[PDB]
Amino acid sequence: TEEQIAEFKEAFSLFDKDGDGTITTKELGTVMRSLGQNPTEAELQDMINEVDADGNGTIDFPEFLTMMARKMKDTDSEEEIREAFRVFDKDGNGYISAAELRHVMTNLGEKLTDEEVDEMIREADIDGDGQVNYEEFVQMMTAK
Amino acid sequence: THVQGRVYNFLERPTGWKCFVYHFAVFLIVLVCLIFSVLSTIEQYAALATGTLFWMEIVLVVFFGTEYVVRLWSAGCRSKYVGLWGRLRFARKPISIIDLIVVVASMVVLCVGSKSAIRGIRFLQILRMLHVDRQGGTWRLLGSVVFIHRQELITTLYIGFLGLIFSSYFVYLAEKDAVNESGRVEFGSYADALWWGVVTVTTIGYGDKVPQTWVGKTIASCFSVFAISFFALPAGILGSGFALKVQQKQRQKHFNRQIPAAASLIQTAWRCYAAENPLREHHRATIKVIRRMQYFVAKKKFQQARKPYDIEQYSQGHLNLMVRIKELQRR
Amino acid sequence: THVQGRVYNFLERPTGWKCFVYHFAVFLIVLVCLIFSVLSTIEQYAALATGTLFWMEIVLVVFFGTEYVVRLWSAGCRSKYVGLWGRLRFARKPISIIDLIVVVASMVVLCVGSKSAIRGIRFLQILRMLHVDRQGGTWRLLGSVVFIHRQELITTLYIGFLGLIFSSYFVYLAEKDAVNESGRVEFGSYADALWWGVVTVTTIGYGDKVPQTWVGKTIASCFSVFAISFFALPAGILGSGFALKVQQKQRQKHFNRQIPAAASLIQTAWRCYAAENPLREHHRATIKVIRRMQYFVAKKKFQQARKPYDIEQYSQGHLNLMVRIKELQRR
Amino acid sequence: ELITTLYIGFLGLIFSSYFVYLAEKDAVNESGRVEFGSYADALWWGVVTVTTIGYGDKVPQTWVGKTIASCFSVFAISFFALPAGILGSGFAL
Amino acid sequence: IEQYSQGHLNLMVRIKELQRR
Amino acid sequence: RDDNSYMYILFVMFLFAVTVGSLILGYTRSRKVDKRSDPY
Amino acid sequence: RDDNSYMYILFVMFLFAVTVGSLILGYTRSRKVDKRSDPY
Ligand SMILES: [Ca+2]
Ligand SMILES: [Ca+2]
């Protein structure tokens with residue numbers, strides 16, 4: 001962790017286009033739009049509402065470091081993703097077919113690209129059958 | 001199409017704080033135009049209903065005669081019907097069959113009265129209360145709660161109507177020839193004794209007809225208790241049935257909220273793993289920030305999609321059961 | 001502050017066996033002063049209400065005029081409002097807006113009558129029943145049970161009022177010109193036929209107006225059954241809704257008891273483990289007695305915090321299920 | 001729930017059967033007598049019409065009192081028909 | 001009356017996934 | 001005698017307009033109108 | 001004729017004072033008055 005705690009702060013204040021210790025939530029709506037997102041101001045104010053645990057909106061990484069210091073791979077956020085398959089499960093066992101996973105992948109929430117969702121179920125359907133099991137996916141999401 | 005798809009959301013199935021002001025201050029024009037139309041039959045306040053009420057009725061049918069055509073022309077933004085031949089099945093919607101009858105029949109009555117005439121305006125001015133409650137969201141509740149409970153309703157109406165047909169005949173046999181305290185005979189025919197049966201089986205008790213002979217009072221007592229119960233039954237039946245259907249809509253309305261927030265987590269976690277491969281380098285230096293940033297917003301939305309349940313204390317049968325399996329599962 | 005923080009518990013949200021004697025034997029002064037104020041309109045018992053009743057009213061407004069100022073001065077023991085400018089939002093509490101209206105309006109009416117006058121004392125003596133039921137603990141129940149059940153109440157009141165508006169117009173059309181048995185016409189206007197509609201839709205049946213023509217009796221029968229059901233509905237609806245909210249308060253009131261007895265066990269078990277390090281030796285020889293002594297009292301309190309449940313036989317879906325997981329867990 | 005609905009129903013009976021007496025203090029019947037002579041007559045009426053008996057000895061004749069009778073009729077017939085359903089659940093439970 | 005799984009939503013699955021381990 | 005007989009038709013249509021004015025507010029303040037998108 | 005007409009106002013205010021005298025006893029015999037200490 002000693003080799004990443006220095007150069008990350010170069011990207012932390014990179015959105016403000018200056019040297020100030022600011023996460024720049026007002027300028028994040030221009031930085032992400034320059035990247036090609038262009039969100040609304042309601043979702044933009046919702047970003048640092050839970051990302052920045054301080055509460056101001058622009059920070060010298062109390063929680064911008066803690067956002068990096070949350071690996072999202074241990075057993076505290078591995079069952080919450082495993083519950084997201086359970087909302088789609090019918091008749092138990094994690095039955096989810098490639099057709100049903102493509103049906104739910106390109107339709108709801110924040111949709112993926114077709115070049116992403118076409119190959120997303122590829123490593124989770126190595127047997128080629130009609131059941132993309134959740135345990136074969138969270139094992140791929142174990143390093144996420 | 002954008003010049004027409006917004007009107008279909010402004011008139012039918014409407015939404016937004018100004019649609020309430022449109023569709024309620026039309027109803028508060030129908031209401032005043034009904035109160036002034038029916039304060040004319042008091043024979044002492046009849047001077048208030050002058051001819052300006054009639055011209056306020058003809059400008060009202062002028063307004064509705066283009067309102068129906070606006071809602072007809074703005075109907076082609078629907079997948080169920082398109083064009084002009086398809087739009088006839090839009091006019092099978094019975095609120096529109098009611099509305100067409102209202103506007104054309106009130107126009108026809110206003111034409112012949114301008115070249116018992118004013119009396120027909122009262123019925124076709126009462127009918128305009130029904131056509132501003134859109135979507136039929138009230139009758140769809142009742143027509144399904146009655147259909148779910150068809151067995152008990154048919155049973156108790158059959159038993160109550162059998163008790164009414166039977167025991168309001170024995171009263172007529174006990175009271176066929178007996179006079180009142182004022183010289184008239186109450187139970188003259190069977191229909192008088194049946195008017196009595198309906199009236200006393202629904203616990204009205206007007207008091208025009210009371211059985212005078214002491215045989216008939218006993219039968220009235222028996223049939224009173226043993227059919228007042230079976231006619232007071234459907235109140236409790238539909239009272240359970242209405243409070244059980246709205247709770248069966250606040251299950252699926254929460255389950256319709258849970259699914260896009262159980263999609264926005266998985267579709268974003270795959271994005272957070274796809275950091276290997278989406279100067280082309282520093283553009284990829286910024287996306288690792290945003291794929292970790294919006295993932296936490298999706299994580300907050302998913303925990304706000306299941307923790308607020310609705311009657312929110314419904315975990316009172318499975319308090320320790322949701323934890324007593326997981327701690328066993330960790331071993 | 002102790003000279004003022006105890007009065008705020010003695011007047012508002014009161015507790016203790018003498019607060020009942022204060023706040024009930026004030027109500028049993030309002031009640032006698034109302035019965036004697038309203039036994040004056042009998043025209044034969046009017047001699048009992050002499051001028052000493054009026055002076056018992058002016059000493060009553062003297063008592064309340066300092067009671068309100070005592071409760072105003074004893075309001076600064078609250079975190080919601082302090083001082084003098086903060087205490088204005090204490091006077092937004094509608095029981096206090098009712099009380100201020102009572103004391104000042106009754107004082108104003110007593111001043112002008114001392115220099116239809118006595119009639120105004122009856123209304124502002126009926127109003128003093130409401131202001132001694134403190135905390136508003138009754139209206140908060142009803143205003144939430146109606147809000148939970150807004151859908152079914154709005155539905156059945158809309159259907160019942162539509163049946164009342166519709167079918168009490170057909171009776172007037174069937175009975176516009178027909179005389180009684182005593183020479184008068186009952187259904188003269190629409191308002192007479194609607195008085196009839198409300199009266200017969202709530203099953204009163206006074207008997208002043210009964211439809212005489214045999215067309216109107218059929219409509220009265222139909223509308224009688226098919227709207228008596230929809231007006232008897234809210235009794236059952238609110239009857240379920242009131243017995244389901246008090247059971248939703250006797251869940252959280254037991255869960256507020258469980259937490260300090262699930263704290264007094266863990267905080268004492270850590271104390272029982274901390275025997276290594278809190279003449280300094282024989283003082284530590286005594287603490288090992290007390291940290292084992294009070295731990296058993298906390299153990300008894302925790303088992304008395306979950307075993308008495310409340311309707312205490314609610315384990316009748318999970319009888320063997322609480323044991324069939326634990327014996328599996330021991331293997 | 002019983003104390004709650006009896007308190008609300010008796011408050012509606014004490015309140016709105018006083019406005020009828022103020023609206024009907026001096027008005028005669030069709031047969032020459034005055035119905036709402038005192039407060040006790042108007043309260044006999046309140047109990048009778050709050051429990052949906054409707055004998056018919058006393059009906060308010062002035063058109064102000066009929067409106068109050070309508071309002072108090074619906075909004076207190078509900079709270080007096082409540083304990084039937086309450087004890088009906090309570091006996092079968 | 002077909003939504004009667006509202007006390008045992010996750011309980012029918014939380015035993016089977018434990019049973020597969 | 002119809003002295004204050006406007007009050008009854010003033011009252012009952014008011015208590016009907018209240019129970020309508022919470023039925024149009026109950027659909028104006030509704031959230032979505034998607035007909036067939038629930039179980040998919 | 002109002003012969004025993006004190007009995008009605010004696011009775012109805014009694015049956016109102018009973019239903020009040022179990023509403024003040026229902027808060028006197030209450031246990032605590034802590035407003036916001038439940039979910040913490
Ligand atoms: Ca900044
Ligand atoms: Ca901050």
# chains A, B, ... in the order shown; residues from 1 in each chain; ligands from 1

$ closest_atom_pairs --of "chain F" --to "chain D" --cutoff "10 Å" --atoms "only C-alpha atoms" --output "tab-separated table"
residue	atom	partner	partner_atom	distance
F:1	CA	D:62	CA	8.0
F:2	CA	D:63	CA	7.0
F:3	CA	D:63	CA	6.8
F:4	CA	D:63	CA	5.3
F:5	CA	D:63	CA	5.4
F:6	CA	D:63	CA	8.4
F:7	CA	D:64	CA	6.8
F:8	CA	D:67	CA	5.5
F:9	CA	D:67	CA	9.1
F:10	CA	D:67	CA	9.3
F:11	CA	D:67	CA	6.9
F:12	CA	D:67	CA	8.4
F:15	CA	D:71	CA	9.1

$ write_last_selection --atoms "N, CA, C and O atoms" --output "mmCIF file, in the first residue's frame"
data_model
loop_
_atom_site.group_PDB
_atom_site.id
_atom_site.type_symbol
_atom_site.label_atom_id
_atom_site.label_comp_id
_atom_site.auth_asym_id
_atom_site.auth_seq_id
_atom_site.Cartn_x
_atom_site.Cartn_y
_atom_site.Cartn_z
ATOM 1 N N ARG F 1 -90.581 24.742 4.544
ATOM 2 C CA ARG F 1 -90.001 26.027 4.179
ATOM 3 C C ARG F 1 -88.519 25.886 3.871
ATOM 4 O O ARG F 1 -87.750 25.382 4.687
ATOM 5 N N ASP F 2 -88.123 26.341 2.684
ATOM 6 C CA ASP F 2 -86.740 26.246 2.225
ATOM 7 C C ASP F 2 -86.048 27.579 2.490
ATOM 8 O O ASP F 2 -85.846 28.396 1.596
ATOM 9 N N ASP F 3 -85.685 27.802 3.752
ATOM 10 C CA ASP F 3 -85.052 29.064 4.126
ATOM 11 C C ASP F 3 -83.552 29.040 3.849
ATOM 12 O O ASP F 3 -83.041 29.859 3.079
ATOM 13 N N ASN F 4 -82.830 28.117 4.477
ATOM 14 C CA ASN F 4 -81.403 27.924 4.220
ATOM 15 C C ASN F 4 -81.143 26.657 3.424
ATOM 16 O O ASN F 4 -80.156 25.960 3.669
ATOM 17 N N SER F 5 -82.002 26.332 2.461
ATOM 18 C CA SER F 5 -81.900 25.061 1.757
ATOM 19 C C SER F 5 -80.793 25.026 0.713
ATOM 20 O O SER F 5 -80.610 23.989 0.071
ATOM 21 N N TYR F 6 -80.052 26.116 0.518
ATOM 22 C CA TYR F 6 -78.854 26.035 -0.302
ATOM 23 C C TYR F 6 -77.720 25.351 0.440
ATOM 24 O O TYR F 6 -76.773 24.882 -0.200
ATOM 25 N N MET F 7 -77.796 25.299 1.774
ATOM 26 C CA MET F 7 -76.704 24.769 2.581
ATOM 27 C C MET F 7 -76.528 23.271 2.387
ATOM 28 O O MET F 7 -75.399 22.776 2.438
ATOM 29 N N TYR F 8 -77.610 22.543 2.122
ATOM 30 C CA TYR F 8 -77.498 21.099 1.969
ATOM 31 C C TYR F 8 -76.814 20.719 0.664
ATOM 32 O O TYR F 8 -75.939 19.844 0.646
ATOM 33 N N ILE F 9 -77.192 21.370 -0.434
ATOM 34 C CA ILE F 9 -76.523 21.114 -1.698
ATOM 35 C C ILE F 9 -75.141 21.753 -1.718
ATOM 36 O O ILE F 9 -74.263 21.304 -2.460
ATOM 37 N N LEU F 10 -74.906 22.768 -0.889
ATOM 38 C CA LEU F 10 -73.545 23.257 -0.716
ATOM 39 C C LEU F 10 -72.686 22.239 0.024
ATOM 40 O O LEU F 10 -71.509 22.073 -0.304
ATOM 41 N N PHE F 11 -73.268 21.517 0.981
ATOM 42 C CA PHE F 11 -72.499 20.617 1.834
ATOM 43 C C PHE F 11 -72.199 19.282 1.156
ATOM 44 O O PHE F 11 -71.067 18.787 1.223
ATOM 45 N N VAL F 12 -73.215 18.653 0.556
ATOM 46 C CA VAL F 12 -73.029 17.286 0.064
ATOM 47 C C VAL F 12 -72.142 17.260 -1.177
ATOM 48 O O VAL F 12 -71.279 16.379 -1.315
ATOM 49 N N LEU F 15 -68.602 17.579 0.173
ATOM 50 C CA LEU F 15 -68.056 16.313 0.655
ATOM 51 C C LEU F 15 -67.926 15.262 -0.437
ATOM 52 O O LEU F 15 -67.311 14.219 -0.198
#

$ residues_near_ligand --ligand "ligand 2" --cutoff "9 Å" --atoms "only C-alpha atoms and all ligand atoms" --output "list in words"
residues 23, 48, 52, 53, 54, 55, 56, 57, 58, 59, 60, 61, 62 and 63 of chain A

$ residues_around --residues "residue 134 of chain C" --least-positions-apart "5" --cutoff "9 Å" --atoms "only C-alpha atoms" --output "MDAnalysis selection string"
(chainID C and resid 12:14 95) or (chainID G and resid 24 27)

$ write_last_selection --atoms "N, CA and C atoms" --output "mmCIF file, in the first residue's frame"
data_model
loop_
_atom_site.group_PDB
_atom_site.id
_atom_site.type_symbol
_atom_site.label_atom_id
_atom_site.label_comp_id
_atom_site.auth_asym_id
_atom_site.auth_seq_id
_atom_site.Cartn_x
_atom_site.Cartn_y
_atom_site.Cartn_z
ATOM 1 N N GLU C 12 -47.644 19.042 31.916
ATOM 2 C CA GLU C 12 -47.660 18.371 30.626
ATOM 3 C C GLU C 12 -46.978 17.017 30.742
ATOM 4 N N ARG C 13 -47.357 16.110 29.824
ATOM 5 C CA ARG C 13 -47.051 14.676 29.747
ATOM 6 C C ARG C 13 -46.948 14.014 31.124
ATOM 7 N N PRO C 14 -47.971 14.143 31.967
ATOM 8 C CA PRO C 14 -47.779 13.924 33.402
ATOM 9 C C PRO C 14 -47.708 12.449 33.771
ATOM 10 N N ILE C 95 -53.249 22.029 20.892
ATOM 11 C CA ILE C 95 -53.940 21.989 22.173
ATOM 12 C C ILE C 95 -53.739 23.294 22.941
ATOM 13 N N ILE G 24 -56.938 9.288 31.042
ATOM 14 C CA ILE G 24 -55.950 9.947 31.886
ATOM 15 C C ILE G 24 -55.249 8.929 32.783
ATOM 16 N N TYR G 27 -52.435 7.334 30.752
ATOM 17 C CA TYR G 27 -51.179 8.055 30.607
ATOM 18 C C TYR G 27 -50.480 8.318 31.929
#

$ interface_residues --of "chain C" --to "chain G" --cutoff "7 Å" --atoms "only C-alpha atoms" --output "ChimeraX atom specification"
/C:14-17,19-20,24,35,133,256

$ residues_near_ligand --ligand "ligand 1" --cutoff "10 Å" --atoms "only C-alpha atoms and all ligand atoms" --output "PDB file with C-alpha atoms, in the first residue's frame"
ATOM      1  CA  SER A  13      -7.146  16.749  -7.329  1.00  0.00           C
ATOM      2  CA  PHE A  15     -10.651  17.105 -11.569  1.00  0.00           C
ATOM      3  CA  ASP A  16     -10.323  20.663 -10.223  1.00  0.00           C
ATOM      4  CA  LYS A  17      -7.586  21.460 -12.823  1.00  0.00           C
ATOM      5  CA  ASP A  18      -5.541  23.133 -10.076  1.00  0.00           C
ATOM      6  CA  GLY A  19      -3.455  22.328  -7.005  1.00  0.00           C
ATOM      7  CA  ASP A  20      -6.096  22.774  -4.301  1.00  0.00           C
ATOM      8  CA  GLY A  21      -7.132  19.945  -2.012  1.00  0.00           C
ATOM      9  CA  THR A  22     -10.605  19.660  -3.515  1.00  0.00           C
ATOM     10  CA  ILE A  23     -12.526  16.689  -4.882  1.00  0.00           C
ATOM     11  CA  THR A  24     -14.400  19.339  -6.951  1.00  0.00           C
ATOM     12  CA  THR A  25     -17.928  17.955  -7.144  1.00  0.00           C
ATOM     13  CA  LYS A  26     -18.983  21.104  -9.004  1.00  0.00           C
ATOM     14  CA  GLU A  27     -16.172  20.433 -11.487  1.00  0.00           C
ATOM     15  CA  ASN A  56     -18.770  19.255   2.277  1.00  0.00           C
ATOM     16  CA  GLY A  57     -18.397  18.145  -1.344  1.00  0.00           C
ATOM     17  CA  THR A  58     -14.678  18.615  -1.977  1.00  0.00           C
ATOM     18  CA  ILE A  59     -12.115  16.954   0.260  1.00  0.00           C
TER      19      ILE A  59
END

$ interface_residues --of "chain C" --to "chain B" --cutoff "8 Å" --atoms "only C-alpha atoms" --output "MDAnalysis selection string"
chainID C and resid 149 151:152 155 166 188:191 200 203:208 210 217 221 224:225 228:230 232:234 236:237 248 318 325 329

$ write_last_selection --atoms "C-alpha atoms" --output "mmCIF file, in the first residue's frame"
data_model
loop_
_atom_site.group_PDB
_atom_site.id
_atom_site.type_symbol
_atom_site.label_atom_id
_atom_site.label_comp_id
_atom_site.auth_asym_id
_atom_site.auth_seq_id
_atom_site.Cartn_x
_atom_site.Cartn_y
_atom_site.Cartn_z
ATOM 1 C CA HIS C 149 -56.208 3.269 4.830
ATOM 2 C CA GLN C 151 -57.232 4.173 -0.572
ATOM 3 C CA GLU C 152 -60.158 2.065 0.625
ATOM 4 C CA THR C 155 -62.840 4.379 -2.812
ATOM 5 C CA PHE C 166 -77.363 9.240 -8.731
ATOM 6 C CA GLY C 188 -90.797 18.684 -3.056
ATOM 7 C CA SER C 189 -87.287 19.654 -4.102
ATOM 8 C CA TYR C 190 -84.038 17.842 -4.763
ATOM 9 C CA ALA C 191 -82.744 18.693 -1.289
ATOM 10 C CA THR C 200 -81.427 6.087 4.043
ATOM 11 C CA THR C 203 -79.685 3.272 7.727
ATOM 12 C CA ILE C 204 -81.256 5.746 10.078
ATOM 13 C CA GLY C 205 -84.715 5.591 8.548
ATOM 14 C CA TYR C 206 -86.417 8.407 10.424
ATOM 15 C CA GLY C 207 -89.723 7.984 8.618
ATOM 16 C CA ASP C 208 -90.545 11.567 7.699
ATOM 17 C CA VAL C 210 -91.039 7.467 2.510
ATOM 18 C CA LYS C 217 -89.947 2.073 -3.792
ATOM 19 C CA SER C 221 -84.803 -0.974 -2.490
ATOM 20 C CA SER C 224 -80.737 0.670 -0.152
ATOM 21 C CA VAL C 225 -78.898 -2.653 -0.400
ATOM 22 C CA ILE C 228 -75.782 0.360 2.682
ATOM 23 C CA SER C 229 -72.949 -2.103 2.043
ATOM 24 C CA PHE C 230 -70.529 0.601 0.865
ATOM 25 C CA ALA C 232 -71.085 0.184 6.350
ATOM 26 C CA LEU C 233 -67.617 -0.666 5.001
ATOM 27 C CA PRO C 234 -65.458 1.877 6.978
ATOM 28 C CA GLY C 236 -64.789 -2.842 9.525
ATOM 29 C CA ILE C 237 -61.875 -1.053 7.859
ATOM 30 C CA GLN C 248 -47.606 -2.279 16.298
ATOM 31 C CA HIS C 318 -42.527 -21.639 14.598
ATOM 32 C CA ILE C 325 -32.070 -25.233 13.802
ATOM 33 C CA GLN C 329 -26.247 -26.305 14.771
#

$ closest_residue --among "D:91, D:45, D:72, D:15" --to "chain C" --atoms "only C-alpha atoms"
D:15

$ residues_around --residues "residue 187 of chain B" --least-positions-apart "3" --cutoff "8 Å" --atoms "only C-alpha atoms" --output "ChimeraX atom specification"
/B:172,175-178,190,192-193,209

$ residues_around --residues "segment 85-91 of chain A" --least-positions-apart "3" --cutoff "12 Å" --atoms "only C-alpha atoms" --output "PyMOL selection string"
(chain A and resi 78-82+94-97+100-101+103-105+131-138) or (chain B and resi 255-263+265-267+302+305-306) or (chain E and resi 9-14+16-17) or (chain F and resi 39-40)

$ write_last_selection --atoms "C-alpha atoms" --output "PDB file, in the first residue's frame"
ATOM      1  CA  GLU A  78     -19.634 -10.316  -1.388  1.00  0.00           C
ATOM      2  CA  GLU A  79     -23.049 -11.349  -0.073  1.00  0.00           C
ATOM      3  CA  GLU A  80     -24.731  -8.111  -1.158  1.00  0.00           C
ATOM      4  CA  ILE A  81     -23.815  -8.782  -4.785  1.00  0.00           C
ATOM      5  CA  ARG A  82     -24.879 -12.413  -4.251  1.00  0.00           C
ATOM      6  CA  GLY A  94     -29.197 -19.969  -9.775  1.00  0.00           C
ATOM      7  CA  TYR A  95     -30.862 -21.158 -12.959  1.00  0.00           C
ATOM      8  CA  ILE A  96     -29.986 -18.019 -14.944  1.00  0.00           C
ATOM      9  CA  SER A  97     -29.735 -18.812 -18.640  1.00  0.00           C
ATOM     10  CA  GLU A 100     -32.302 -14.483 -19.494  1.00  0.00           C
ATOM     11  CA  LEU A 101     -29.015 -12.882 -18.423  1.00  0.00           C
ATOM     12  CA  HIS A 103     -32.506 -10.072 -21.258  1.00  0.00           C
ATOM     13  CA  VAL A 104     -31.776  -8.532 -17.857  1.00  0.00           C
ATOM     14  CA  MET A 105     -28.370  -7.152 -18.891  1.00  0.00           C
ATOM     15  CA  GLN A 131     -27.370 -21.852 -16.259  1.00  0.00           C
ATOM     16  CA  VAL A 132     -24.913 -19.030 -15.541  1.00  0.00           C
ATOM     17  CA  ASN A 133     -24.408 -19.813 -11.862  1.00  0.00           C
ATOM     18  CA  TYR A 134     -23.760 -16.946  -9.465  1.00  0.00           C
ATOM     19  CA  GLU A 135     -20.882 -18.746  -7.739  1.00  0.00           C
ATOM     20  CA  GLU A 136     -18.955 -18.933 -11.021  1.00  0.00           C
ATOM     21  CA  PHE A 137     -19.458 -15.162 -11.396  1.00  0.00           C
ATOM     22  CA  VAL A 138     -18.583 -13.977  -7.885  1.00  0.00           C
TER      23      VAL A 138
ATOM     24  CA  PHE B 255     -40.831  -5.165  -6.119  1.00  0.00           C
ATOM     25  CA  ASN B 256     -40.880  -2.897  -9.184  1.00  0.00           C
ATOM     26  CA  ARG B 257     -38.564  -0.554  -7.279  1.00  0.00           C
ATOM     27  CA  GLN B 258     -36.202  -3.327  -6.175  1.00  0.00           C
ATOM     28  CA  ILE B 259     -35.364  -4.648  -9.673  1.00  0.00           C
ATOM     29  CA  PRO B 260     -33.675  -1.562 -11.293  1.00  0.00           C
ATOM     30  CA  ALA B 261     -31.638  -1.095  -8.108  1.00  0.00           C
ATOM     31  CA  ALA B 262     -30.700  -4.786  -8.226  1.00  0.00           C
ATOM     32  CA  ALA B 263     -29.686  -4.198 -11.837  1.00  0.00           C
ATOM     33  CA  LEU B 265     -25.412  -2.877  -8.816  1.00  0.00           C
ATOM     34  CA  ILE B 266     -24.503  -5.907 -10.956  1.00  0.00           C
ATOM     35  CA  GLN B 267     -24.164  -3.871 -14.188  1.00  0.00           C
ATOM     36  CA  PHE B 302     -29.772  -1.163  -3.458  1.00  0.00           C
ATOM     37  CA  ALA B 305     -34.398  -0.692  -2.221  1.00  0.00           C
ATOM     38  CA  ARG B 306     -34.856  -3.445   0.385  1.00  0.00           C
TER      39      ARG B 306
ATOM     40  CA  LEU E   9     -39.202 -14.818   0.569  1.00  0.00           C
ATOM     41  CA  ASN E  10     -35.529 -15.628   1.109  1.00  0.00           C
ATOM     42  CA  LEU E  11     -36.161 -18.635   3.336  1.00  0.00           C
ATOM     43  CA  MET E  12     -36.930 -21.054   0.495  1.00  0.00           C
ATOM     44  CA  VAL E  13     -33.579 -20.210  -1.118  1.00  0.00           C
ATOM     45  CA  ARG E  14     -31.415 -19.656   1.998  1.00  0.00           C
ATOM     46  CA  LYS E  16     -31.070 -24.748  -0.493  1.00  0.00           C
ATOM     47  CA  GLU E  17     -27.888 -22.745  -1.109  1.00  0.00           C
TER      48      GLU E  17
ATOM     49  CA  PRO F  39     -42.556  -9.187 -14.213  1.00  0.00           C
ATOM     50  CA  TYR F  40     -40.035  -8.905 -17.066  1.00  0.00           C
TER      51      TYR F  40
END

$ interface_residues --of "chain B" --to "chain A" --cutoff "10 Å" --atoms "only C-alpha atoms" --output "ChimeraX atom specification"
/B:255,258-275,278,283-287,289-290,292-300,302-303

$ write_last_selection --atoms "C-alpha atoms" --output "PDB file, in the first residue's frame"
ATOM      1  CA  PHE B 255     -40.831  -5.165  -6.119  1.00  0.00           C
ATOM      2  CA  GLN B 258     -36.202  -3.327  -6.175  1.00  0.00           C
ATOM      3  CA  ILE B 259     -35.364  -4.648  -9.673  1.00  0.00           C
ATOM      4  CA  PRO B 260     -33.675  -1.562 -11.293  1.00  0.00           C
ATOM      5  CA  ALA B 261     -31.638  -1.095  -8.108  1.00  0.00           C
ATOM      6  CA  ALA B 262     -30.700  -4.786  -8.226  1.00  0.00           C
ATOM      7  CA  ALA B 263     -29.686  -4.198 -11.837  1.00  0.00           C
ATOM      8  CA  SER B 264     -27.721  -0.985 -11.222  1.00  0.00           C
ATOM      9  CA  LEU B 265     -25.412  -2.877  -8.816  1.00  0.00           C
ATOM     10  CA  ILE B 266     -24.503  -5.907 -10.956  1.00  0.00           C
ATOM     11  CA  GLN B 267     -24.164  -3.871 -14.188  1.00  0.00           C
ATOM     12  CA  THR B 268     -21.847  -1.486 -12.313  1.00  0.00           C
ATOM     13  CA  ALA B 269     -19.844  -4.205 -10.549  1.00  0.00           C
ATOM     14  CA  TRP B 270     -19.052  -5.742 -13.944  1.00  0.00           C
ATOM     15  CA  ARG B 271     -17.959  -2.245 -15.007  1.00  0.00           C
ATOM     16  CA  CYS B 272     -15.757  -2.028 -11.913  1.00  0.00           C
ATOM     17  CA  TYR B 273     -14.096  -5.326 -12.775  1.00  0.00           C
ATOM     18  CA  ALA B 274     -13.601  -4.277 -16.421  1.00  0.00           C
ATOM     19  CA  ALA B 275     -10.636  -2.016 -15.680  1.00  0.00           C
ATOM     20  CA  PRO B 278     -12.578  -1.002 -22.203  1.00  0.00           C
ATOM     21  CA  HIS B 283      -8.223   8.716 -20.536  1.00  0.00           C
ATOM     22  CA  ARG B 284      -8.222   5.321 -18.804  1.00  0.00           C
ATOM     23  CA  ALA B 285      -6.651   6.966 -15.746  1.00  0.00           C
ATOM     24  CA  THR B 286      -9.908   8.831 -15.088  1.00  0.00           C
ATOM     25  CA  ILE B 287     -12.419   5.994 -15.561  1.00  0.00           C
ATOM     26  CA  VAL B 289     -12.321   7.003 -10.422  1.00  0.00           C
ATOM     27  CA  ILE B 290     -15.856   7.035 -11.811  1.00  0.00           C
ATOM     28  CA  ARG B 292     -15.599   3.221  -8.132  1.00  0.00           C
ATOM     29  CA  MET B 293     -17.556   6.449  -7.559  1.00  0.00           C
ATOM     30  CA  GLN B 294     -20.961   5.525  -8.994  1.00  0.00           C
ATOM     31  CA  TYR B 295     -20.700   1.965  -7.632  1.00  0.00           C
ATOM     32  CA  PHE B 296     -21.157   3.313  -4.106  1.00  0.00           C
ATOM     33  CA  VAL B 297     -24.222   5.299  -5.219  1.00  0.00           C
ATOM     34  CA  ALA B 298     -25.648   2.073  -6.664  1.00  0.00           C
ATOM     35  CA  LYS B 299     -24.757   0.310  -3.405  1.00  0.00           C
ATOM     36  CA  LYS B 300     -26.695   2.934  -1.438  1.00  0.00           C
ATOM     37  CA  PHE B 302     -29.772  -1.163  -3.458  1.00  0.00           C
ATOM     38  CA  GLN B 303     -29.767  -0.957   0.344  1.00  0.00           C
TER      39      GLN B 303
END
